[PDB]
Each structure stands twice: as C-alpha cells, then as structure tokens.
Amino acid sequence: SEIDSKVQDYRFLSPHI
Amino acid sequence: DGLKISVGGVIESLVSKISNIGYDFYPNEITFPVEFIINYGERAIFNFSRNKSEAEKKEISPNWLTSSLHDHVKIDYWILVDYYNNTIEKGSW
Amino acid sequence: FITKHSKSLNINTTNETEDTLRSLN
C-alpha cells in the first residue's frame with residue numbers, strides 16, 4: 001500500500017543509504 | 001482564555017494537513033494537484049497575513065509550504081521552481 | 001495507496017458546488 005510513495009522516498013534519501 | 005491561534009500555529013496545522021495527505025498521494029497529480037495547492041495555499045496565507053501586525057508577519061517562514069513539500073512530500077526543488085513560475089505567470093498574482 | 005484492482009469510485013460529482021460541499025441546508 002506504501003510502495004507508490006516508498007518508490008518516491010528512495011529518490012530523496014541521501015546517496016549514502 | 002479564547003485560544004489565540006498563532007500565525008505560526010495556523011501555518012503549522014495547514015503544513016501538516018497538506019504534507020500528510022500529499023505523502024499518500026503524490027505523484028497522483030489528479031488527487032494532489034501541486035500547482036493548485038501552491039496557488040491557493042500561498043493565496044490563503046497571503047490573505048490571512050495581509051491584515052496582521054508587522055510582528056505576526058515574522059512568524060511566517062518564506063519557505064513554509066516549499067520546505068515541507070520537499071522534506072516530507074518528496075517533490076524536487078527543480079519541479080517546485082517551475083510550479084512556482086507557473087503560479088506567478090498563470091495566477092491572479 | 002494504489003491497487004490496479006481497486007473498485008473505481010464511479011460517482012457523479014458533476015452537480016456538486018463549493019456551496020453544496022460547504023452547507024448544512
């Protein structure tokens with residue numbers, strides 16, 4: 001249910017995760 | 001003790017209302033129409049703030065909506081920059 | 001929240017206004 005937004009959270013994680 | 005909601009506290013409630021609904025929806029630009037939410041939210045905080053004191057007009061963050069749309073709703077500052085260009089070019093501003 | 005197998009909300013909103021959505025008439 002969260003996949004649509006977790007596939008967007010990932011784009012605004014830092015390049016260290 | 002009739003609770004005088006601060007110009008901060010109105011913005012803090014409205015930011016939370018926009019961000020927490022936006023997080024479940026965006027990139028659905030049908031149910032989270034970013035340009036309309038910007039153009040009306042900034043107009044409503046402009047209208048609410050206009051009659052306020054030059055003290056209350058220092059509770060207002062100049063990035064009140066734009067920070068939360070990036071930090072929480074995961075919208076790019078590049079995408080926001082041209083949604084604000086569209087807001088300024090198309091709207092009653 | 002998206003399911004490709006949700007039931008679509010087949011409602012006729014084309015008669016609603018800002019008045020009919022704000023009022024207790």
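Residues numbered from 1 in each chain as written, not as in the entry; some residues may be left out. Chains lettered and ligands numbered in written order. Part of a larger assembly, values for the part shown. Heavy atoms only, no water.

The name recorded for chain B in the PDB entry is Nucleoporin 155, from Dictyostelium discoideum. This entry's official PDB title is "D. discoideum nuclear pore complex".

**Student:** In this structure, what is going on with the overall build of chain B? I would like to understand it.
**Tutor:** Helix and strand content of chain B: 4 helices and 0 strands. Counting only C-alpha atoms and orienting by the principal axes, one finds that chain B spans roughly 40 × 30 × 20 Å. Counting the 93 residues in chain B, one finds 33% classified as buried. Residue pairs at least 24 apart in sequence account for 68% of intrachain contacts in chain B once pairs closer than 6 positions are excluded. (Helix = DSSP H or I, 4+ residues; strand = E, 2+ residues; numbered from the N terminus. Buried < 20%, exposed > 50% of the residue type's maximum accessible area, 1.4 Å probe, protein only. Contact = heavy atoms within 4.5 Å.)

**Student:** Please clarify how the nonpolar core should be interpreted in this entry.
**Tutor:** In globular proteins that are soluble, nonpolar side chains generally tend to be buried together. Residues and elements named next belong to chain B. Counting 18 residues, the largest nonpolar core has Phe-32, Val-34, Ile-38, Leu-65, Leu-69 and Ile-75 as its most contacted members. Those elements giving two or more residues to this core turn out to be α1 (7-25), α2 (34-50), α3 (64-71) and α4 (77-90). Those residues in contact with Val-34, other than ones at most four positions away along the chain, are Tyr-26, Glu-29, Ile-75 and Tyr-83. (Core = buried A, V, L, I, M, F, W, Y, C linked by side-chain atoms within 4.5 Å.)

**Student:** How do you make sense of the interface of chain A and chain B when you look at a structure like this?
**Tutor:** Interface extent is often summarised as the accessible area lost during association of the parts. Counting from both sides, the interface comprises 5 residues of chain A and, opposite them, 8 residues of chain B. Of the roughly 650 Å² buried where chain A meets chain B, counting both sides, 50% is carbon and sulfur surface. Three residues, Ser-5, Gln-8 and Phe-12 of chain A, lead the burial of chain A against chain B; their summed loss comes to 75% of the area buried on that side. Note that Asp-9 of chain A and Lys-74 of chain B form a salt bridge whose closest N and O atoms lie 3.7 Å from each other. Applying the counting rule to chain A against chain B returns 4 residue pairs in polar contact. (Buried area = accessible area lost by both parts, 1.4 Å probe. Salt bridge = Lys/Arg side-chain N within 4 Å of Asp/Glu carboxyl O. Polar contact = N/O pair within 3.5 Å; in protein donor to acceptor, adjacent residues only side chain to side chain.)

**Student:** Help me understand the pattern of salt bridges in this model?
**Tutor:** Pairing is possible between side chains that carry opposite charge, provided their charged atoms lie close to one another. Summed over the entire model, instances satisfying the criterion amount to 6 salt bridges over all chains. The residue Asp-9 of chain A makes a salt bridge to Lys-6 of chain A at a minimum N-O spacing of 2.8 Å. Taken as a pair, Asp-9 of chain A and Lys-6 of chain A lie in helix α1 (residues 3-9) at a separation of 3 residues, close to a single helical turn. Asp-9 of chain A sits in the buried class, given a relative accessible area of 13%. For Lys-6 of chain A, a relative accessible area of 47% puts it in the partly exposed group. Salt bridges linked by common partners bring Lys-6 and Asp-9 of chain A together with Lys-74 of chain B together as one network.

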